[PDB]
Amino acid sequence: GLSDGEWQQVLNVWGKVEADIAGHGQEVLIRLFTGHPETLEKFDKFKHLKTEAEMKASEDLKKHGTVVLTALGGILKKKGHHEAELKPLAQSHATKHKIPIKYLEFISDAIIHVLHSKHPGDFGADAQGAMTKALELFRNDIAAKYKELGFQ
Ligand code: HEM
């Protein structure tokens, strides 16, 4: 798990996201979709986005980014005591959306990249370490539920 000092860094970094949740969310999803086009195919409602310009112009993509980052923020503020929050997300993403755990790795990496891109020089080495550990814990607990369901 994370130390209290590490959790404090996670939630300090998260204050940057909360100042512009929609912009961070849109950029996270765009980074995921352009870097890994197969992920776009999992969204019926985003398959029509042929270009990054269409993605950036999509108000509904920005809306979903707010949904995604609001959910992640709620989980992070539990500092690892997130079973109730995480279990339904793991179950919807395995059983309904059919999201391989690899794609959650992709989006975790996308979050780290967006943080550096929007806050260059202001996302320190300790902050990246702590946020990475928090995202790894999130992914690992999802993975446990994936394994329970036998989902690949
Ligand atoms: C930080 C990681 C993620 C979080 C917090 C997150 C959160 C959410 C939430 C809260 C919803 C709506 C409620 C639900 O269906 O459970 C949702 C829907 C969805 N998620 Fe995720 N998600 C994440 C990653 C991903 C990834 C990586 C993919 C695919 C590559 C994905 C695919 C989908 C799809 C297809 C839907 C339904 C979209 C629709 O409404 O048409 N999710 N997600």
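- Header annotation of the entry names X-ray crystallography as the structure determination method and lists the resolution as 1.4230 Å.

## Describing the site of the ligand
1) Next: As a structural note, the neighbourhood of the ligand is formed by 18 residues, with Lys42, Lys45, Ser92, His93 and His97 the closest of them.
2) Next: In this structure, a nitrogen atom belonging to the ligand sits 2.9 Å away from a side-chain N or O atom of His93.
3) Next: Within the residue set of the shell around the ligand, elements represented by two or more residues are α5 (59–76), α6 (83–96) and α7 (101–118).
4) Next: With five residues, α5 is the largest single contributor of residues to the shell around the ligand.
5) Next: Residue classes in the shell around the ligand are distributed as eleven nonpolar, five polar and two charged.

## Topic: the coordination of the iron atom of the ligand
1) Next: There is one protein donor for the iron atom of the ligand, namely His93 (NE2), at 2.2 Å.
2) Next: With respect to the helices and strands, the residue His93 is situated in helix α6.

## A word on the UniProt feature "binding site: heme b" in the protein
1) Next: Look at the UniProt record and you will see "binding site: heme b" annotated at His93.
2) Next: For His93, a relative accessible area of 25% gives the class partly exposed.
3) Next: Discounting residues that sit within four places of it in the chain, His93 has contacts with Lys98, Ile99 and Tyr146.
4) Next: Reaching out from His93, the side chain makes a polar contact with the side chain of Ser92 at a distance of 2.9 Å.

## Here's the deal with the side chain of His24
1) Next: Checked against the element boundaries, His24 lands in helix α2 (residues 21–35).
2) Next: Here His119 takes part through its side chain, which lies 2.9 Å from a polar atom of the side chain of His24.
3) Next: If sequence neighbours within four positions are ignored, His24 has contacts with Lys16, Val17, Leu69, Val114, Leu115, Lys118 and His119.

## Side note on the pattern of salt bridges
1) Next: In the structure shown here, the tally under the stated rule is eight salt bridges.
2) Next: A salt bridge links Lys77 to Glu18; the shortest N-O distance between them is 2.4 Å. In this pair, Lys77 is assigned in the loop between α5 and α6 and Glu18 in helix α1 (residues 4–19), connecting sequence segments 59 residues apart.
3) Next: Among the residues examined, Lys77 registers a relative accessible area of 46% and is labelled partly exposed.
4) Next: Looking at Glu18, the relative accessible area reads 44%, which means it is partly exposed.
5) Next: The salt bridge partner of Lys102 is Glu105, with a shortest N-O separation of 3.3 Å. One end of the pair, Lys102, and the other, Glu105, are both in helix α7, three residues apart, so they sit about a helical turn from each other.

## Notes on the environment of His119
1) Next: Summarising the element assignment, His119 is placed in the loop between α7 and α8 (125–149).
2) Next: Here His119 falls in the buried class, since its relative accessible area comes to 16%.
3) Next: Sequence spacing of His119 and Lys16 is 103 residues, and the spatial spacing of their C-alpha atoms is 8.5 Å.
4) Next: Among all residues touching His119, those that are not within four sequence positions of it are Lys16 and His24.

What counts and how
All residue numbers start from 1 on each chain and follow the order of its written sequence rather than the entry's numbering, and residues without coordinates are excluded. Only hydrogens and water are set aside when side-chain values are computed; all heavy atoms of the structure are taken into account. We call a residue near a molecule or strand when any one of its heavy atoms sits within 4 Å of it. Polar contact criterion, stated in full: a pair of N or O atoms within 3.5 Å, where within protein one must be able to donate a hydrogen and the other to accept it, and residues adjacent in sequence count only if both atoms are side-chain atoms. Under the scheme used here, helices are H or I runs from DSSP no shorter than 4 residues and strands are E runs no shorter than 2 residues, and both carry numbers assigned from the N terminus. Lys, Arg, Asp and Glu make up the charged group, whereas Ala, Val, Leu, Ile, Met, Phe, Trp, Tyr, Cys and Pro make up the nonpolar group; the residues left over, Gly among them, are polar. For Na, K and Ca the donor cutoff is 3.2 Å, while for all other metals N, O and S atoms count as donors only within 2.8 Å; water does not appear among the atoms, so some sites may look incomplete. UniProt positions are given in the numbering used here, feature names are shortened, and annotations may be inferred rather than shown by experiment. Type-normalised accessible area, obtained with a 1.4 Å probe on protein chains alone, sets the label of each residue: buried when under 20%, exposed when over 50%, and partly exposed for intermediate values. The contact criterion used throughout is that any non-hydrogen atoms of two residues lie within 4.5 Å. Any carboxyl oxygen of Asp or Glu that lies within 4 Å of a side-chain nitrogen of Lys or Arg is treated as forming a salt bridge with it.

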